[PDB]
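Visitor: My questions all concern the structure below.
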Amino acid sequence: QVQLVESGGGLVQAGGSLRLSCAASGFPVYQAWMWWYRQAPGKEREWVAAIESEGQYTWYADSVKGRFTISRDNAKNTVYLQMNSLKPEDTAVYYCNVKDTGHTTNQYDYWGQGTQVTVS
Amino acid sequence: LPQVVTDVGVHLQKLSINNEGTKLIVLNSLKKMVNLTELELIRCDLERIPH
């Protein structure tokens with residue numbers, strides 16, 4: 001089946017460097033246009049990072065533009081997201097989101113389990 | 001490209017590969033075939049015309 005698991009989420013003081021990782025499933029990481037989402041406490045879930053298939057183009061929201069770098073790495077089916085010098089507003093719960101499945105059987109979209117990151 | 005395909009291409013007129021965007025590497029494997037008339041390479045993701 002298809003599933004994703006978040007990892008690397010943890011409390012860290014402001015100014016630190018964090019590298020969130022995702023463990024993916026049978027759907028190709030090279031394919032399967034991929035998203036890194038956040039849900040902030042006292043706030044609605046908002047999209048942060050977007051990595052595309054067949055070109056690997058990066059998209060970000062204006063609030064998360066400049067200090068967030070997303071990438072997809074194949075041969076291990078991984079999605080990575082690096083944040084440097086995170087600000088207090090970054091405290092949220094981060095998920096991996098798949099909106100397009102692999103080349104075949106085009107399975108439905110599944111949300112990740114998520115990890116909570118805190119900035120002090 | 002499989003070894004068996006390279007072997008059988010000695011008498012092959014038309015060769016069609018639809019890789020569905022999967023990266024394909026020739027690595028000096030087409031010169032064996034010299035009677036091919038069609039070399040369709042739909043969605044082979046070559047990014048370069050093979051030498």
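Identifiers in this document derive from the order of the structure tokens: chains are assigned A, B, ..., residues are numbered from 1 separately in each chain, and ligands are numbered from 1 in order of occurrence.
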Starting from chain A, keep only residues with some atom at most 12 Å from an atom of chain B, counting only C-alpha atoms, and report them as a list in words.
Guide: residues 28, 30, 31, 53, 54, 55, 102, 103 and 104 of chain A
Visitor: Can you list every residue in chain A that DSSP puts in helix (DSSP H, G or I), as a PDB file with N, CA and C atoms, in the first residue's frame?
Guide:
```pdb
ATOM      1  N   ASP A  62       4.662  32.883   0.979  1.00  0.00           N
ATOM      2  CA  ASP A  62       5.457  34.083   1.221  1.00  0.00           C
ATOM      3  C   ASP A  62       6.019  34.104   2.638  1.00  0.00           C
ATOM      4  N   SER A  63       5.251  33.606   3.611  1.00  0.00           N
ATOM      5  CA  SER A  63       5.725  33.595   4.990  1.00  0.00           C
ATOM      6  C   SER A  63       6.861  32.599   5.195  1.00  0.00           C
ATOM      7  N   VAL A  64       6.947  31.570   4.357  1.00  0.00           N
ATOM      8  CA  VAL A  64       7.967  30.538   4.487  1.00  0.00           C
ATOM      9  C   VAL A  64       8.998  30.628   3.361  1.00  0.00           C
ATOM     10  N   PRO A  88       9.983  31.990  16.091  1.00  0.00           N
ATOM     11  CA  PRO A  88       8.974  31.448  17.019  1.00  0.00           C
ATOM     12  C   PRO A  88       7.661  31.065  16.356  1.00  0.00           C
ATOM     13  N   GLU A  89       7.312  31.684  15.228  1.00  0.00           N
ATOM     14  CA  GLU A  89       6.061  31.359  14.550  1.00  0.00           C
ATOM     15  C   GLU A  89       6.090  29.998  13.867  1.00  0.00           C
ATOM     16  N   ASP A  90       7.250  29.338  13.810  1.00  0.00           N
ATOM     17  CA  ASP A  90       7.354  28.045  13.149  1.00  0.00           C
ATOM     18  C   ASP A  90       6.787  26.900  13.980  1.00  0.00           C
TER      19      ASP A  90
END
```
Visitor: Extract, using only C-alpha atoms, all DNA, RNA and protein residues at most 10 Å from residue 45 (chain A), discarding same-chain residues fewer than 6 positions from it, and format them as a ChimeraX atom specification.
Guide: /A:37-39,92-95
Visitor: Determine the nearest neighbour of residue 35 (chain A) from the options A:82, A:71, A:1, A:116, counting only C-alpha atoms.
Guide: A:71
Visitor: Tell me which protein, DNA and RNA residues are within 12 Å of residue 49 (chain B), counting only C-alpha atoms, leaving out same-chain ones fewer than 2 positions away, and put them as a list in words.
Guide: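 Skipping anything fewer than 2 positions along the chain leaves residues 24, 25, 26, 27, 39, 41, 44, 45, 46, 47 and 51 of chain B.
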Visitor: Which residues come within 8 Å of residue 69 (chain A), counting only C-alpha atoms, excluding same-chain residues fewer than 4 positions away, as JSON, numbers by chain?
Guide: {"A": [49, 81, 82, 83]}
Visitor: I'd like the contact shell of residue 17 (chain A) - 12 Å cut-off, only C-alpha atoms, skipping same-chain residues fewer than 3 positions apart - returned as a tab-separated table (two decimals) with C-alpha atoms, in the first residue's frame.
Guide:
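File written: around-v2.tsv
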```
chain	number	residue	atom	x	y	z
A	8	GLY	CA	12.99	14.58	12.63
A	9	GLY	CA	10.37	16.75	14.33
A	10	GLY	CA	11.41	17.94	17.77
A	11	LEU	CA	11.65	20.92	20.07
A	12	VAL	CA	14.60	23.21	19.34
A	13	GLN	CA	15.69	26.67	20.43
A	14	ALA	CA	15.40	29.56	17.99
A	20	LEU	CA	12.70	17.03	8.64
A	67	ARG	CA	14.71	30.13	4.89
A	68	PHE	CA	13.15	26.78	3.92
A	69	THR	CA	14.65	24.34	1.41
A	81	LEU	CA	13.06	19.75	4.30
A	82	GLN	CA	15.69	21.99	5.91
A	83	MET	CA	14.89	25.08	7.98
A	84	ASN	CA	17.71	27.31	9.23
A	85	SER	CA	17.23	29.87	12.02
A	86	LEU	CA	13.58	29.03	12.66
A	87	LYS	CA	11.47	31.83	14.15
A	117	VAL	CA	8.19	21.11	16.04
A	119	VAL	CA	10.54	27.10	18.63
```
Visitor: Which residues, written as an mmCIF file with N, CA, C and O atoms, in the first residue's frame, have at least one atom at most 10 Å from residue 57 (chain A), with only C-alpha atoms counted and residues fewer than 4 positions away on the same chain left out?
Guide:
```
data_model
loop_
_atom_site.group_PDB
_atom_site.id
_atom_site.type_symbol
_atom_site.label_atom_id
_atom_site.label_comp_id
_atom_site.auth_asym_id
_atom_site.auth_seq_id
_atom_site.Cartn_x
_atom_site.Cartn_y
_atom_site.Cartn_z
ATOM 1 N N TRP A 33 4.288 14.197 -7.144
ATOM 2 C CA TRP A 33 4.348 15.589 -6.706
ATOM 3 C C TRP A 33 4.031 15.700 -5.219
ATOM 4 O O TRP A 33 2.994 15.219 -4.756
ATOM 5 N N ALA A 50 6.652 22.817 -1.499
ATOM 6 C CA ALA A 50 6.149 22.027 -2.616
ATOM 7 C C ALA A 50 7.315 21.637 -3.506
ATOM 8 O O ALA A 50 8.050 22.511 -3.975
ATOM 9 N N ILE A 51 7.473 20.337 -3.753
ATOM 10 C CA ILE A 51 8.479 19.830 -4.680
ATOM 11 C C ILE A 51 7.761 19.077 -5.790
ATOM 12 O O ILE A 51 6.856 18.275 -5.525
ATOM 13 N N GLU A 52 8.145 19.357 -7.031
ATOM 14 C CA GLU A 52 7.451 18.841 -8.199
ATOM 15 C C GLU A 52 8.203 17.673 -8.821
ATOM 16 O O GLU A 52 9.414 17.509 -8.646
ATOM 17 N N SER A 53 7.457 16.850 -9.550
ATOM 18 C CA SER A 53 8.044 15.773 -10.326
ATOM 19 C C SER A 53 8.379 16.258 -11.731
ATOM 20 O O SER A 53 7.750 17.179 -12.260
ATOM 21 N N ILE A 70 13.327 22.575 0.387
ATOM 22 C CA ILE A 70 12.750 21.242 0.255
ATOM 23 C C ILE A 70 13.425 20.527 -0.907
ATOM 24 O O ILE A 70 13.853 21.148 -1.886
ATOM 25 N N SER A 71 13.536 19.205 -0.790
ATOM 26 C CA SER A 71 14.082 18.392 -1.865
ATOM 27 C C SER A 71 13.506 16.987 -1.777
ATOM 28 O O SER A 71 13.012 16.558 -0.730
#
```
Visitor: As a list in words, which residues of chain B does DSSP assign to strand (DSSP E or B)?
Guide: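 Of chain B, only residues 14, 15, 16, 38, 39 and 40 of chain B fall in strand (DSSP E or B).
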Visitor: Include N, CA and C atoms and write out the residues we just selected as a short mmCIF file (atom, residue, chain, number, x, y, z; two decimals), in the first residue's frame.
Guide:
```
data_model
loop_
_atom_site.label_atom_id
_atom_site.label_comp_id
_atom_site.auth_asym_id
_atom_site.auth_seq_id
_atom_site.Cartn_x
_atom_site.Cartn_y
_atom_site.Cartn_z
N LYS B 14 11.29 -2.27 -36.80
CA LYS B 14 10.72 -1.20 -35.99
C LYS B 14 10.96 -1.51 -34.52
N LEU B 15 11.52 -0.54 -33.79
CA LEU B 15 11.71 -0.63 -32.35
C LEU B 15 10.98 0.52 -31.68
N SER B 16 10.07 0.20 -30.77
CA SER B 16 9.28 1.20 -30.06
C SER B 16 9.39 0.95 -28.56
N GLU B 38 12.60 2.20 -37.72
CA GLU B 38 11.93 3.06 -36.75
C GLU B 38 12.59 2.90 -35.39
N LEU B 39 12.80 4.02 -34.71
CA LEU B 39 13.40 4.04 -33.37
C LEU B 39 12.57 4.92 -32.44
N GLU B 40 11.26 4.69 -32.42
CA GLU B 40 10.37 5.44 -31.56
C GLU B 40 10.79 5.30 -30.10
#
```
Visitor: Taking only C-alpha atoms into account, name the residue in A:32, A:79, A:48, A:61 that is nearest to residue 106 (chain A).
Guide: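 Nearest to residue 106 (chain A): A:32.
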Visitor: So, with only C-alpha atoms as the atoms that count, which of A:78, A:46, A:34, A:114 lies closest to residue 99 (chain A)?
Guide: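 When distances to residue 99 (chain A) are compared using only C-alpha atoms, the smallest one comes from A:34.
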Visitor: By how many Å are CA of residue 101 (chain A) and CA of residue 27 (chain A) apart?
Guide: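 CA of residue 101 (chain A) sits 6.3 Å away from CA of residue 27 (chain A).
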Visitor: What does the distance from CA of residue 21 (chain A) to CA of residue 41 (chain A) come to in Å, to one decimal?
Guide: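 Separation between CA of residue 21 (chain A) and CA of residue 41 (chain A): 21.2 Å.
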Visitor: Which distance in Å separates CA of residue 110 (chain A) and CA of residue 77 (chain A), to one decimal?
Guide: 16.1 Å
